[PDB]
Amino acid sequence: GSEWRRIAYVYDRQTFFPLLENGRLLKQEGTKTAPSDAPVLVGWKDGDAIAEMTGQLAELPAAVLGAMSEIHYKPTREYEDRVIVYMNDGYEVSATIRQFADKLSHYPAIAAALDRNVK
């Protein structure tokens, strides 16, 4: 119909700003509550970076979009686009912005042995 669909919510300014499918952060339409229907981008960089993740979530499977707690932007020396999506079961999945949808698309089928020699 009209206007984009909120596929995520950015937790900033002590509020949960509704993020559209195109990563259009509605800082003016924030809410004092976290929507369990979608992920919550906590402590995220400029909207320009958020738009990237949103692009991935806008194409990724709605199944994973629903299953999540909060997305934290944690860049690494080798992956500046390294994000961390929390799971409803208290799990922690680290995915990249370039392949966020793919990384989560594999769910349930993620977490390999490529996270032992980096901690």
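A short reminder: the numbers here are calculations on the coordinates, not readings from a lab. Please note: Cβ atoms are built from the backbone with ideal geometry, for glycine as well, and neighbour counts cover all protein chains shown.
Computed quantities for the displayed model
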item	result
Footprinting exposure proxy for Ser2, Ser94 (fewest neighbouring C-beta atoms within 10 Å first)	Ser2, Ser94
Amide proton proximity set for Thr96, modelled H, under 5 Å, gap of 5+	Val83
Potential lengthening between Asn117 and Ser36 on full extension [0.36 nm per residue; Cα-Cα distance subtracted]	25.9 nm
Cα long-axis angle, helix 47-57 against the chain (0 to 90 degrees, to the nearest 10)	70
The chain - share of DSSP beta bridges that are antiparallel (%, nearest 5)	75
The chain: calculated mean residue ellipticity at 222 nm from DSSP helix runs of at least 4, using -39500 (n - 2.57)	-4500 deg cm²/dmol
Over the chain, volume per residue of the alpha carbon convex hull, in Å³	111
Sequence-separation-based contact order of the chain, relative, with Cα cut under 8 Å and 6+ spacing, percent	19
